[PDB]
Structures are given as structure tokens and as C-alpha cells.
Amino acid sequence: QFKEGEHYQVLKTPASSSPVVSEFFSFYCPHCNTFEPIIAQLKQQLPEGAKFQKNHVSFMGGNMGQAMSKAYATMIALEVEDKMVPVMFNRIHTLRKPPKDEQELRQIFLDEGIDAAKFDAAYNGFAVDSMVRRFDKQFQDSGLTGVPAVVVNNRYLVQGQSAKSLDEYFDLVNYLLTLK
């Protein structure tokens, strides 16, 4: 069914050690916003033992892009992705009130009930710094040129504009998870 060059491209990076689906996104990206409920269904139907990893990119949002990457990494660090990922998309794309500075970015978390001391320790901490650097290294090493992008096993770039239903898009990802 699924064919190289048509349904996916092989990237220059080496294959991952264990099965993983990696999404590269930005909270500033409208298509990433549209994609988020689709991602939520992809995750629910992934084969047992396959990991899913969202990676935020810093090149949208002007001088707030890197701060927003740290914000996403903070959602991972604090284990509040289920609450904060839809909140942040909604703030930028429905309310259309993107944060003008880091104070407003922090306030978006506080206004959802995140503890201020826990946010401050995470946002400026080593785990978040390490995760943002990893977002960036993967994006650079993979030769990615934009978002959204979905990479399977560190090496197979999905061409979503090949699927003819949501179920077929899922079949393509699941097939790629079996490649080395």
C-alpha cells in the first residue's frame, strides 16, 4: 500500500532504538491547532509499546518563539499537558491574544491553576532547558523544513497529503512504526 517517495520520505538521521512517533509543532501554527484533535486520536490507537513525543519549534512567534518552546517543555515537566496544550492553542487561535512577553506567558499557566513556585522552578530549570535543546537538535538533524511534521522512528517523514481518510493516515503511521 504505502510507498516511499509517495506516502513518506526517508530522512538522513538514523533509525530510533525503539518505536516512536515524533510530532514537530508550534502553538502559533493554525494547522497544528487543527491537527491537535487528530493527534489525540492517533495516540489512542497507537500499537502497544509505541511512544508518542511532541516537539515544539521556536521559529514562529517572533521574539516569543523560544519562550513558547520553554512553555511547552514546562507542560511536560509539570505533567499538565492535557490541561495546558488545548488552553494555549485556544489562547492563540480562538481568543487571538498571544502572550506579548514572558509575564503574560506565565500568567496563562497561573490562570489555569498552575502553582507559581512550581512553574518558576520548571520554566527556568535544567529539565526544560534540556528538552528545548532536544526539540531543536532533532529538528536540525532531521533536516525538517516546517511544521507540522510527523517523523516515525527518527527516520520516516510522513506525507499526510497522501491519506484519504483519518483511518488511513493512522495505518500509514502504524506501518512506518515497523521499519528500522
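One-based numbering along the sequence shown.
- In this entry, 108-116 has the higher mean Cα B-factor, the comparison being between 108-116 and 24-32.
- Across the two stretches, 2-10 and 170-178, the PDB entry reports the greater mean Cα temperature factor for 2-10.
- Ranking 121, 38, 149, 68 by the C-alpha B-factor listed in the PDB entry places 38 at the top.
- When the CA B factors of the chain's modelled residues are split into thirds, the value for residue 51 lands in the middle one.
- When the CA B factors of the chain's modelled residues are split into thirds, the value for residue 153 lands in the middle one.
- In the PDB entry, residue 63 places in the middle third of its chain by CA B-factor.
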